[PDB]
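# Can you look at this? It's an experimental structure, sequence on top.
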Amino acid sequence: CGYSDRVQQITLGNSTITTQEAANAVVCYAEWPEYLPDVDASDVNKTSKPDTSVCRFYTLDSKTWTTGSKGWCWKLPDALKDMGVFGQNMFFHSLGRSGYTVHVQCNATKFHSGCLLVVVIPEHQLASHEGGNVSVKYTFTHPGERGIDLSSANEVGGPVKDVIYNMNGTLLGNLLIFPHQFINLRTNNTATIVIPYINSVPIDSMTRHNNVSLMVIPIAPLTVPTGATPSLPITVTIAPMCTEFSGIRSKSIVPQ
Amino acid sequence: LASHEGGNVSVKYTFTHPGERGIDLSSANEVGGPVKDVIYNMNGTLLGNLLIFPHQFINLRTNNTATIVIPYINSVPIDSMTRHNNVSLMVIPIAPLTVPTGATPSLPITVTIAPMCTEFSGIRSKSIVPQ
Amino acid sequence: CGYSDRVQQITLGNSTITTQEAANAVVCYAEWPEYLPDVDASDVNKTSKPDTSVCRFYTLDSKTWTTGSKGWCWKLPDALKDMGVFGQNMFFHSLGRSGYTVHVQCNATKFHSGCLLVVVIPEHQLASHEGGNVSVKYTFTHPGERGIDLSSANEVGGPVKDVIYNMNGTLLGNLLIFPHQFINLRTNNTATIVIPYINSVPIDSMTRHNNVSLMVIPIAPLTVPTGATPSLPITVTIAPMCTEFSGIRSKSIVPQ
Amino acid sequence: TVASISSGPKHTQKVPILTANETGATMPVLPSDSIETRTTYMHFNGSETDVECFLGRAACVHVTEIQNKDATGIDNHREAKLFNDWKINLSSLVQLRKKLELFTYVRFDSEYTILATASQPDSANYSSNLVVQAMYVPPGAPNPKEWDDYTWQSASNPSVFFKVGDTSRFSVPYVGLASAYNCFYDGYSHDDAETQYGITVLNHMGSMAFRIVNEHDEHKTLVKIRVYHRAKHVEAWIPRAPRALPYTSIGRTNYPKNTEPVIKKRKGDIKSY
Amino acid sequence: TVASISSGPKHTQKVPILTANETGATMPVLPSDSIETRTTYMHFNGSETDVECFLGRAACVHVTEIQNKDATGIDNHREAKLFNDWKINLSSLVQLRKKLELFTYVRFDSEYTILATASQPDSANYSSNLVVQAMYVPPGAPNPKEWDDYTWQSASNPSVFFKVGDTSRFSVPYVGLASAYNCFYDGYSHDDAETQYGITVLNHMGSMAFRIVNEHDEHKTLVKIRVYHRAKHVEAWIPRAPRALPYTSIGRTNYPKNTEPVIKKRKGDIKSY
Amino acid sequence: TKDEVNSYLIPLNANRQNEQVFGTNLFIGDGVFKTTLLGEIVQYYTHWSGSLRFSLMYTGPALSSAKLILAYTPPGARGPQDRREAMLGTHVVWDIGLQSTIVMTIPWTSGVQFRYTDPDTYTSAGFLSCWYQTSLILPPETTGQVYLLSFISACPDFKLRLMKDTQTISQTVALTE
Amino acid sequence: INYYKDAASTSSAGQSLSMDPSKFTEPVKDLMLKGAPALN
Amino acid sequence: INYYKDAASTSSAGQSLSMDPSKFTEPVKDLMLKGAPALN
């Protein structure tokens, strides 16, 4: 009985991702993403299913993991609003529903040390740094493909950037309850998380609401060998999956 | 289309691909543009012979609407949509507009088009075209 | 289903070769070497088959791969003319036919970088460096076990030594059409190529003609770690296989 | 088959002669629908009107003159008429162009017939036995540069040799990249503000080079080479409005400025006969 | 036959796109293995790419000039161009040589077609009716020494007679001593320090002698004889790396010193398009 | 400047983020392909159709790691200037590990059934680019640039037609023995 | 009798005997029979 | 119909229809199936 498990590949549309140091992919709540059934539907407009034209992997700009980096946060579907036909359909339709296959990549040598916690939080409602009853402005919660850097300073009307309190008042060690995977450089170069549609409604506005928030947080800090650059590149790859759009209308207007 | 300059002159991309505002045959000719003589169909054929192509008449006495369902017409199965126009829609007044005494000597024409049985292939970064 | 493929061993006569970092052995044109059948035979003298007395592995003098080495070339059966009973039978018989199991070895550490193209060319007819209609002298085309070093300077009446033009007017990137294997130091320490008898005739003169020419050419140059010796040893091991000899006669006389 | 049916008096609430041509349909009204007729037969099949027959007879497509003379003191052998090149297209002759350009797409096998004829406008004592070489240069192959170029060896390119005064004839399968030739193309080579419209590699059959393979003599002989094309196994799609105005260029739909009227004005009013 | 199969999303521990090219095997990875595809058919058989088709069209192999003139006051009739000899080989023309030399061994039946063309560079009043004799001289047979030698009688040697301006065509079976021709030979004629490498009787098809059998006239006519070879029933073994550099001699692999670069250097860096 | 073995080695540099490795147009009868067996055989024909197999083999140290993105851009679109632009098209993310070679097949993307082997813009095949997905990380005590070897072959659905003589070799005078 | 290997070497196919002008004369969605009102 | 006595007088045999590129593309001792690890 001779075989290996570290080698797996995912092909979506015309894009293919290959791996040689992978940990078993995670499927949130053991439920694979699926189309909205007639027994749960509310809006009567027949849904547009674009299949291979939108269901493919999009690479987000790489981030640089330094020894002093606090972590990174992305909001979905906001992070894909400028990505090809998915980005246009998401603004041309009033309502949308979609699952996602998230694939995070961080490769390093056999001498490097460090561990990332890659976790998906549904309704990751952020706290403002000002406390009291202050709200987070739309422009800071919807950054797009450049995401939120938790290493940066706080901003007026912006969310809080203390990673340990998860930007919402919970501790970092408890994030393991949400679908997560670790990129331990000693064991793995890639985390993978398949997310179904998570909402209290069957289909919803894609411009006003983010269903999930992806967080990549270094737990054990980056430890490079003596004489190597104290920095490592992180690339995030996301593919919409089992996507549904409804209520076509003139292009949606958002701030900035 | 034929250029108004004759000889071997080509029609520039910008005059052949106007978008939703189309080509007005009542306007004057332009440098590097197509010819605007409607009687010669902008290509050297006479207007009375256009009836061989799928057509319909909007005779104001009988009708207010023409409708034409077009299949994909090309020598290849699928093709570039930015470099080539498969069909060209022409609306040409044959009998001139005759309004009653004291009415405005003008009538509005609205064109409505729906893509049908549409197929797309080879996704890639957004295509760049002139202007 | 638990097993490994990098470990393979070849025993021919009283010699055994073992490996732990091997790439799957190549069999030229998917045809294993075989004895001449009666339906193809021309000479009526009954053939001498020496079996285990000649069918065994002979190691050729090791070459030193430096960062500036251009490549190496050997001619068969000429390279085995001084090797035991095979070398004597090859000169005592007027005609001979033989297949070969070539095994090239170049071991290195997990920090070394470089790649060798090991390729067998049937009738590798060399070009002289003088151009025009000049012929290559017998003494330069039949060097024996020390082979041809492509890093050396050109010689009067000798072949050309530009490795990129394969010493014959073809480019190096196209040699992959001939039976070949790569010794990528990152993946492998050994190349292996089983060659059948390749000729337009059933049996032929072994002193006047070389059926195949073995070329070992570094494509990616040798990259040693900081502070290691900028040189690596290459050992070539060849075994005659499915060998036939015909027309015994007084010992053959050759130049030098 | 009956052409006209036997038909008597008509007194009905169904009126076949009244219709609405606005629908774009031309009703199949027969002579028997407007007046009373007798039974007669067609006694005709229409074989001469088949698209295979309308496009399937020979017509000249190119005419070119080539000369047997010494190449000494010449920098350009094509300008000296020692060899000549033809960009293959069927749009140089208006009689053939109008028939073929009556359809949008046409797919056919070709049959070329080449006629070479000799002439001595200058002093010559005998009729020279010249042999002409016609070489097909498909797109990508090196077009000959000299009358004695290495290209004429033709190790892979199709080539035909024949005596001047006689003829050669060879068939050619459908060579288009698409499923049918495009007689018209409302498009461009690439998405560019200055690129070529209509004329593009969609209508690029290749080139043909012509030379006299015989060596040069003491007398100059001008040879007029005439290429004739006859189509076989013809298929045509999307019938088009017929060409009315004269042409100005190959592969383009342009017409001359200040052109003469195409409608033959009547002598007298709209009531004259 | 299907070209591309219908294929949807992939989520598997078997990764067909990752391999080890170090093994010398080029994995048969298909378009369906890297992205999601639709079912389409080949609708093509590949008849124009057969080895019989790639080597089975005519190409010129030799060109030679011969003259009808009096043999009085001449010591060498071959140097006077009264008759000419050709050592039979297919390696004189690079267009044909590169195609054929792409394989190590080739076995084929030959078909020779000879084209003779006349020319009068000096004064002549009429086109002379010359008859050319092409004589095959296999190795061992006496090569003609004079234009009127006893050898031309051809009591056993194959010989063909034809009018100048016209052509002759004859088939030849496979004449090699071995089971296939050797395009390359890494060996020598004998075990000698000064003998010939590669060029040897393995590539010796024989010789062809050409003369004008007509008597000599008052006017000089130069006749250019062109030999064309077309292969039939072609078989090929051991495909080889293609020739890149220009050649320098027949039957040898030499190239010129100071040759130009064969790799077309790019304009800009390795990142430009 | 001159033909060298170095011309087959695509250079990789350590500590490069979101940058291009190599780039090329896809005229298989010209440019980098003219001297390859596939491109050289293709030049004996006028028309070509079907899918190409493009492969890369890594040669850096066994303790070295890199993640690269192979991206094919169909015709009609600009040659990509960034990985985000290239990743919008057909692509393979390659994790360099135990399997030393990646094989990305270029699917036949054309309206017309056959393309010309000779460079013609309407029958252009598109573009190929390679970019750093993560970065190249080298083990300690190791220096300089490492190399990738690039390979080309046809898929079993490849088609070629209308034979012609090649312009990759030529002669001015007949050869002699 | 054909004297060559290729279909392109053949003589013409004659005539396509089954003709139907309706696809050009009446390319209308609803079928219209002559005598009945075209419009109602 | 053949008009001569010899096989060398004949026209071409057409095409050898049964092709197999595997002897040139994968001339390896152990057979390798795509998707399974080339090496283990």
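That came in fine, so what should we check first? Numbering: from 1, shown residues only, chains lettered A, B, ... in the order given.

# And residue A:182, its phi and psi?
When read as degrees, to the nearest 10, the backbone of residue A:182 gives phi -100, psi 140.

# now residue A:159
Residue torsions, per degrees, to the nearest 10, at residue A:159 are phi -80, psi 160.

# right, and the secondary structure at the closest residue to it other than its chain neighbours would be what?
Spatially, and ignoring its direct neighbours in sequence, residue A:159 is nearest to residue A:126 (3.8 Å; Cβ to Cβ, 6 or more residues apart in numbering or on different chains). For the C-beta atoms, the positions are set from N, CA and C on the backbone; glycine is no exception. With DSSP: H, G, I helix; E, B strand; the rest coil as the basis, the three-state label of residue A:126 is coil.

# Relative to residue A:238, how far out is residue A:126?
Noted for residue A:126: a distance of 20 Å to residue A:238, by Cβ to Cβ, to the nearest Å.

# Let me see the ranges of the strands in the stretch 51-200 of chain D.
D:59-67, D:83-87, D:103-119, D:131-137, D:159-163, D:167-172, D:181-182 (DSSP state E, counting those that start in this stretch).

# quick one: residue D:143 and residue D:208 touch, right?
No: with contact defined as Cβ atoms under 8 Å, residue D:143 does not reach residue D:208; the gap is 9.8 Å.

# Looking at the two, which is more packed in?
Between residue D:143 and residue D:208, residue D:208 has the larger neighbour count (other Cβ atoms under 10 Å in any protein chain shown), namely 23 against 16.

# Now do the helices in the stretch 1-150 of chain D.
D:31-34, D:51-54, D:94-100 (DSSP state H, counting those that start in this stretch).

# what does chain F give?
Secondary structure of chain F (DSSP state H): helices at F:37-42, F:83-86.

# Export those helices as a markdown table, with columns for mean neighbour count.
Listed next are those as a markdown table, based on neighbours: other Cβ atoms under 10 Å in any protein chain shown:
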| stretch | mean neighbour count |
| --- | --- |
| helix F:37-42 | 21 |
| helix F:83-86 | 22 |
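
# Out of those, which is closest to chain A?
For chain A, the closest of the helices of chain F is helix F:83-86, at 6.3 Å, according to Cβ to the nearest Cβ.

# Can you tell me which helices and strands that closest one packs against?
strand A:58-66, strand F:65-73, strand F:127-137 (3 or more Cβ pairs under 8 Å, 6 or more residues apart in numbering or on different chains; DSSP states H and E).

# At which residues are the helices of the stretch 1-150 of chain A located?
A:84-92, A:138-141.

# Could you point out which of the ones you listed sits nearest chain H?
Evaluated over the helices of the stretch 1-150 of chain A, closeness to chain H peaks at helix A:84-92, with 29.4 Å, by Cβ to the nearest Cβ.

# which of the residues in the closest one are buried?
Using 16 or more other Cβ atoms under 10 Å in any protein chain shown as the test for burial, helix A:84-92 gives A:84-87, A:89-92.

# which other residues reach stretch D:112-124?
D:58, D:127-128, D:130, D:132, D:134, D:160, D:162, D:164-172, D:219-230 (Cβ atoms under 8 Å, 6 or more residues apart in numbering or on different chains).

# Now with 6 Å, please.
For stretch D:112-124, contacts defined as Cβ atoms under 6 Å, 6 or more residues apart in numbering or on different chains pick out D:132, D:134, D:164, D:167-170, D:219-229.

# What ranges does chain F have for its strands?
Counting by DSSP state E, chain F has strands at residues F:9-12, F:20-25, F:45-49, F:52-58, F:65-73, F:90-95, F:101-106, F:115-116, F:127-137, F:146-154, F:159-163.

# rewinding a little: mind checking which of the helices and strands packed on helix F:83-86 is nearest residue A:10?
Distance to residue A:10, taken as Cβ to Cβ, is lowest for strand A:58-66 among the helices and strands packed on helix F:83-86, at 13.3 Å.

# ok, that closest one near chain F or not?
Yes: if you take Cβ under 6 Å from any Cβ of the partner chain as the test, strand A:58-66 does meet chain F, through A:59, A:62.

# quick one: the residue positioned nearest the centre of chain G and chain A, what's the gap?
Centroid check for chain G by Cα atoms, centre = their mean gives residue G:19 as the closest residue, at 3.8 Å. Applying Cβ to the nearest Cβ, to the nearest Å, the value for residue G:19 to chain A is 42 Å.

# Leaving out the residues flanking it, which one is nearest to that residue?
Among residues not flanking residue G:19 along the chain, residue D:46 sits closest, at 7.8 Å (Cβ to Cβ, 6+ apart).

# The one you found and residue D:39: what is the separation?
Using Cβ to Cβ, residue D:46 is found at 20 Å from residue D:39.

# how many neighbours does residue 135 have?
By default, I'm working from chain A. Look at residue A:135: counted by other Cβ under 10 Å, it has 11 neighbours.

# try chain F instead
Close neighbours of residue F:135, defined as other Cβ under 10 Å, add up to 27.
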